[PDB]
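*Asks:* Residue numbers (the deposited numbering), protein chains in the order written: chain T, 1 to 70; chain z, 1 to 70; chain P, 1 to 70; chain u, 1 to 70; chain 1, 1 to 70; chain 2, 1 to 70; chain c, 1 to 201; chain j, 1 to 201; chain M, 1 to 201. All C-beta atoms in this analysis are idealised placements derived from N, C-alpha and C, irrespective of residue type, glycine included.
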Ligand code: NA
Ligand code: NA
Ligand code: NA
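This is how it looks when you write it as structure tokens:
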């Protein structure tokens with residue numbers, strides 16, 4: 001019953017991180033649409049890689065909570 | 001508990017959607033890096049807008065899930 | 001419950017008093033509308049002062065009743 | 001005992017409205033004492049009519065509460 | 001378990017008084033070190049007398065609380 | 001609860017220590033009044049400092065005891 | 001709301017020793033072109049004054065209540081018929097129990113911390129009081145970080161410095177002792193002077 | 001205590017780098033005619049100075065503690081014998097814990113919002129700090145909406161501008177660096193000058 | 001942090017209408033000699049600007065975020081690599097939740113009550129905004145009761161009045177419109193002039 005709230009807090013943390021990172025990716029895309037550059041695209045690639053890592057972490061935590069509720 | 005597992009089902013569906021969309025965004029960013037185009041950047045903007053909506057859906061479902069557990 | 005119903009009796013007595021006083025005030029206002037005078041206005045002022053006192057008494061009794069029911 | 005508390009809340013609402021209106025009537029009576037006028041007496045009549053309506057509403061709500069508490 | 005808790009309240013009050021008075025005694029001692037005087041020594045003696053009284057009060061309260069706790 | 005009686009025992013020990021130290025401070029103050037000296041004032045400062053330390057210890061013990069009771 | 005202040009650009013703040021002076025000067029101010037009038041609750045029997053000015057309300061005036069520092073004074077002022085409420089400070093309860101009423105509430109700020117607390121409660125038009133302590137430079141300095149906030153400065157607004165306040169970018173000005181002092185016919189000329197001066201800044 | 005402020009009309013705010021200098025200047029400013037003195041809790045070992053100045057208390061002086069930012073400091077200053085407590089800010093905890101102690105507390109305000117918050121806690125005499133940033137225009141402006149509040153301005157009160165502050169309608173003034181800088185005989189002459197000019201205008 | 005403000009003694013607050021002008025002006029300011037720069041969260045896509053100026057960090061620049069009025073903005077600014085966070089107001093929740101991350105937060109105060117609240121929250125370096133409303137008189141007057149607090153004034157700092165602010169005893173000054181307006185080479189010349197003046201006085 002306490003692992004459940006632990007995983008819920010873990011998920012809330014991850015989701016806040018993911019939403020902030022999506023905001024930053026959107027801003028960087030708006031900036032690139034006007035002034036294109038290679039450093040901006042490399043930074044966008046790094047941000048997308050971090051987003052993939054965060055999504056995998058979220059997915060692991062959600063599968064563990066689904067197992068616990070089972 | 002049935003409400004709770006239905007919320008878990010909804011959340012898992014949303015997470016799979018988000019993971020597919022992030023994969024597509026990463027591929028499109030690589031394609032833009034190698035050959036830049038403006039329609040590619042417009043499509044990237046569209047995909048990021050979709051991603052924002054999906055994150056919002058996930059977050060407004062997780063509030064309900066937590067409130068029902070609380 | 002006898003505390004509660006005694007406070008209800010108190011409030012009912014006060015409400016009858018207040019309604020009678022309001023009717024007398026309305027009558028005196030009509031009499032002043034047709035024939036104004038200074039003694040009539042002093043009597044109106046005294047009636048309004050007594051009405052304020054009655055309202056305060058009712059309020060105390062009602063808040064004590066609400067405290068007890070809580 | 002919750003249908004009792006909703007009435008104990010509607011009655012406090014009505015009582016606060018009545019206490020505000022009585023203060024307004026007292027102020028208007030003072031103003032009329034200092035400088036008598038006809039429009040002031042028409043407004044005072046309107047205010048007393050409103051006060052009568054509020055007292056009737058109060059008594060209706062309190063009789064409903066008395067019937068439930070019985 | 002209520003007498004125990006009010007005894008704890010009383011002891012906490014006395015402890016705060018003792019802490020404050022010890023701070024004042026330390027300050028006065030340092031002031032006396034820098035520039036000695038006889039009125040300062042009389043005041044220091046009075047403060048130490050007060051401190052002894054407060055310690056006695058603390059102990060006669062703690063004996064009661066130890067009597068009740070068993 | 002033996003935790004609570006252990007805390008009472010430790011408080012009694014600290015209170016006896018503080019009582020002895022306050023008594024020695026009173027004696028030293030009288031000796032300094034009668035025939036002033038500077039080394040006596042340095043010793044008085046040291047005694048007041050260790051008294052402050054003991055008061056802090058008593059404080060941090062009574063906080064835990066109040067924590068456990070309430 | 002926004003548009004009444006934006007159109008009339010002047011609000012009269014009535015201080016008075018009694019209610020008959022307040023009513024005569026509200027009439028004289030409305031007879032000079034000032035259609036926004038505020039009766040402060042330092043005037044004795046002020047809700048009565050607001051109640052007995054409904055004829056002006058039918059002629060085109062907007063009457064409101066000032067110096068409100070309680071939730072019962074807001075109830076009394078809305079009962080009497082006030083269309084807007086004003087405070088010389090910021091209160092969270094006078095604001096949360098006014099949002100529900102649906103009444104326009106304009107609180108008063110002097111620092112940007114109070115400004116942010118008022119913005120967090122939904123307030124976009126703020127009263128700047130006392131305006132002569134901070135000056136138009138406070139309004140110009142708030143433009144950068146807080147570009148959506150509009151100010152109605154109250155305190156120390158004269159004919160000489162009323163154009164400076166509109167150059168700084170205020171929405172309207174609340175004028176007090178420079179309108180409503182003197183005999184009720186000198187006020188009728190002060191109001192005309194102010195109204196024409198504000199249309200020549 | 002309001003009677004004492006109204007009678008003596010000057011409070012010497014005393015900051016020093018030592019306790020002996022504090023005692024010297026307190027005696028020197030008492031010789032000039034200043035019966036109200038405040039020892040700031042920024043002077044090293046200030047409760048000791050308040051405790052040792054009782055010989056002046058028997059002569060007719062009123063000693064209090066300033067720059068109090070804690071409840072423990074209020075306890076220590078009341079133990080040491082202080083008659084009043086002063087703060088440069090407003091604190092609700094210090095106020096509600098000094099109200100039960102029955103001790104006089106004079107918080108410090110700068111804004112009408114802080115002013116209304118202090119009034120809601122029962123404070124009628126407020127300290128206006130820093131007084132040289134707002135000026136006597138702040139007091140003239142506060143007169144209108146808040147007629148029952150008295151101010152004791154502190155900060156930048158000189159011989160020149162003290163009659164301005166008193167025309168603005170302050171209850172008393174708190175004088176610091178203009179009064180207590182120098183040797184313990186310059187301070188006596190400065191206190192004499194201040195008292196003479198305050199009773200003059 | 002304390003050492004960087006003490007060393008560089010000037011922060012460039014940067015407001016712009018778009019992101020490209022922001023990046024151009026940040027580069028120009030760094031060329032002029034200013035190593036501390038703040039991008040206000042009023043510039044469109046400001047976290048992107050903070051992220052894309054990471055090349056200057058290796059040259060020796062310190063980049064921070066200003067006008068942060070939310071916790072989400074603090075998160076978004078720390079993500080893109082802001083060294084410090086600045087706010088035109090004091091917010092208790094931003095402090096609570098920025099102290100758990102270890103990020104340097106500099107809130108803005110205007111009155112001693114806000115100052116004591118920030119001190120109770122742990123803040124020893126404060127932002128003084130709007131600086132032109134309070135003047136160096138505020139900084140000199142706060143030395144007495146609060147010796148340990150150091151101020152960074154923001155608001156109407158010029159080439160003329162910067163030596164006044166530094167005589168009053170401030171760590172650094174945040175310069176806005178006087179510094180960052182004009183074409184990006186006039187901005188470099190202005191930065192040179194400001195650095196030379198600050199090292200002169
Ligand atoms: Na209301
Ligand atoms: Na106290
Ligand atoms: Na953060």
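Can you tell me whether residue 82 (chain c) sits near ligand 1, meaning its C-beta is under 7 Å from at least one heavy atom of the ligand?
*Replies:* No, Cβ of residue 82 (chain c) sits at least 7 Å from all heavy atoms of ligand 1.
*Asks:* Of all the CB atoms in chain c, is at least one closer than 8 Å to the CB of residue 63 (chain u)?
*Replies:* It does not; no Cβ of chain c falls within 8 Å.
*Asks:* Excluding the 5 residues preceding and the 5 following residue 117 (chain c) in the sequence, name in chain order all residues of the same chain whose CB lies nearer than 7 Å to its CB.
*Replies:* Here the set comprises 90.
*Asks:* State the DSSP-derived secondary structure class of residue 166 (chain j), mapped to helix, strand or coil.
*Replies:* It is helical.
*Asks:* Taking 8 Å as the cut-off, does the segment 118 to 131 of chain c touch the segment 151 to 170 of chain c (at least 3 CB pairs, one atom from each stretch)?
*Replies:* At 8 Å Cβ cutoff, the stretches touch.
*Asks:* Would you mind telling me which residues of chain M sit closer than 7 Å to residue 27 (chain T), beta carbon to beta carbon, in chain order?
*Replies:* Per Cβ cutoff of 7 Å: 45, 47, 48.
*Asks:* Taking the alpha-carbon positions, what's the residue 23 (chain j) to residue 190 (chain j) distance?
*Replies:* If you take the alpha carbons of residue 23 (chain j) and residue 190 (chain j), they lie about 17 Å apart.
*Asks:* Would you kindly work out how many angstroms separate the C-alpha atoms of residue 59 (chain c) and residue 53 (chain c), rounded to a whole number?
*Replies:* So the two alpha carbons sit approximately 10 Å from each other.
*Asks:* Taking the Cβ atom as the reference point for each residue, do residue 55 (chain 2) and residue 19 (chain 1) lie within a distance shorter than 8 Å?
*Replies:* Yes. Within cutoff.
*Asks:* At the 8 Å Cβ level, is residue 112 (chain j) part of the contact set with chain c, yes or no?
*Replies:* Yes, residue 112 (chain j) counts as interfacial toward chain c.
*Asks:* For a quick check, are the C-beta atoms of residue 43 (chain T) and residue 29 (chain z) less than 8 Å apart?
*Replies:* For residue 43 (chain T) and residue 29 (chain z), no; Cβs fall outside 8 Å.
*Asks:* Verify whether the separation of the beta carbon atoms of residue 202 (chain c) and residue 64 (chain c) is less than 8 Å.
*Replies:* Only positions 1 to 201 of chain c appear in this structure, which leaves residue 202 (chain c) out of reach.
*Asks:* Which of helix, strand or coil does DSSP assign to residue 36 (chain c)?
*Replies:* It is a strand residue.
*Asks:* Are the CB atoms of residue 51 (chain z) and residue 15 (chain z) nearer to each other than 8 Å?
*Replies:* Contact: no.
*Asks:* If we count the other Cβ atoms within 10 Å of its Cβ and call it buried at 16 or more, is residue 23 (chain T) buried or exposed?
*Replies:* Buried, since its Cβ has 16 or more Cβ neighbours within 10 Å.
*Asks:* Using the three-state DSSP reduction, which class does residue 131 (chain c) fall into: helix, strand or coil?
*Replies:* Note: residue 131 (chain c) maps to helix in three-state DSSP.
*Asks:* Can you determine whether any heavy atom of ligand 1 sits closer than 7 Å to the C-beta of residue 75 (chain c), and answer yes or no?
*Replies:* Yes, the beta carbon of residue 75 (chain c) sits closer than 7 Å to at least one heavy atom of ligand 1.
*Asks:* Please work out which residues of its chain come closer than 8 Å, Cβ to Cβ, to residue 65 (chain 1), disregarding the five sequence neighbours upstream and downstream, and give them in chain order.
*Replies:* Same-chain partners within the cutoff: 4, 7, 8, 11.
*Asks:* For residue 113 (chain c) and residue 124 (chain j), I'd like the C-alpha separation in whole angstroms.
*Replies:* For residue 113 (chain c) and residue 124 (chain j), the distance between alpha carbons rounds to 25 Å.
*Asks:* According to DSSP, is residue 183 (chain j) helix, strand or coil?
*Replies:* Looking at residue 183 (chain j) - three-state DSSP - the assignment turns out to be coil, as it is neither helix nor strand.
*Asks:* Starting from residue 117 (chain j), trace the alpha helix (DSSP H) both ways and give me its first and last residue.
*Replies:* Run containing residue 117 (chain j): 112 to 120, per the alpha helix (DSSP H) assignment.
*Asks:* Could you work out which residues of chain j lie near residue 153 (chain c), taking near to mean beta carbons separated by less than 7 Å?
*Replies:* Simply none; closest approach about 12 Å.
*Asks:* By the three-class DSSP mapping on this structure, what secondary structure does residue 1 (chain c) have?
*Replies:* Correct three-state label for residue 1 (chain c): coil.
*Asks:* Does residue 163 (chain j) pass the burial test, meaning 16 or more other C-beta atoms within 10 Å, or should it be called exposed?
*Replies:* Classification of residue 163 (chain j): exposed, given that the 10 Å Cβ count is below 16.
*Asks:* If you measure from the CB of residue 63 (chain 2), is any heavy atom of ligand 4 nearer than 7 Å?
*Replies:* No copy of ligand 4 appears in this structure; the ligands present are ligand 1, ligand 2 and ligand 3.
*Asks:* Residue 193 (chain M) by DSSP, collapsed to three states: which one?
*Replies:* In this structure, residue 193 (chain M) counts as helix in the three-state DSSP scheme.
*Asks:* Rounded to the nearest angstrom, what separates residue 49 (chain 1) and residue 172 (chain j) at their Cα positions?
*Replies:* Cα to Cα, residue 49 (chain 1) sits roughly 39 Å from residue 172 (chain j).
*Asks:* Which value, in whole angstroms, describes the spacing of the CA atoms of residue 2 (chain z) and residue 17 (chain T)?
*Replies:* Their backbone Cα atoms lie some 29 Å apart in a straight line.
*Asks:* Helix or strand or just coil, what does DSSP make of residue 55 (chain j)?
*Replies:* Helix at residue 55 (chain j).
*Asks:* Name the chain 2 residues that come within less than 8 Å of residue 12 (chain 1), Cβ to Cβ?
*Replies:* Going along chain 2 in sequence order, the residues near residue 12 (chain 1) (Cβ under 8 Å) are 62, 66.
*Asks:* Name the chain M residues that come within less than 7 Å of residue 71 (chain j), Cβ to Cβ?
*Replies:* The contacting residues do not exist; residue 71 (chain j) stays about 13 Å from chain M at best.
*Asks:* I'd like to check one pair, residue 169 (chain c) with residue 143 (chain c): are the Cβ atoms closer than 8 Å?
*Replies:* Yes, they are a contact pair.
*Asks:* State the Cα-Cα distance for the pair residue 72 (chain M) and residue 115 (chain j), rounded to the nearest angstrom.
*Replies:* So the two alpha carbons sit approximately 33 Å from each other.
*Asks:* Would you kindly check if the distance between the Cβ of residue 34 (chain j) and the Cβ of residue 10 (chain j) is under 8 Å?
*Replies:* Contact: yes.
*Asks:* Taking residue 141 (chain j) as the reference, give the member of 177 (chain c), 27 (chain c), 43 (chain c) with the closest Cα.
*Replies:* Considering only alpha carbons, the answer is 177 (chain c).
*Asks:* Run through DSSP, which three-state label would residue 68 (chain M) get?
*Replies:* Residue 68 (chain M) falls in the coil class under three-state DSSP.
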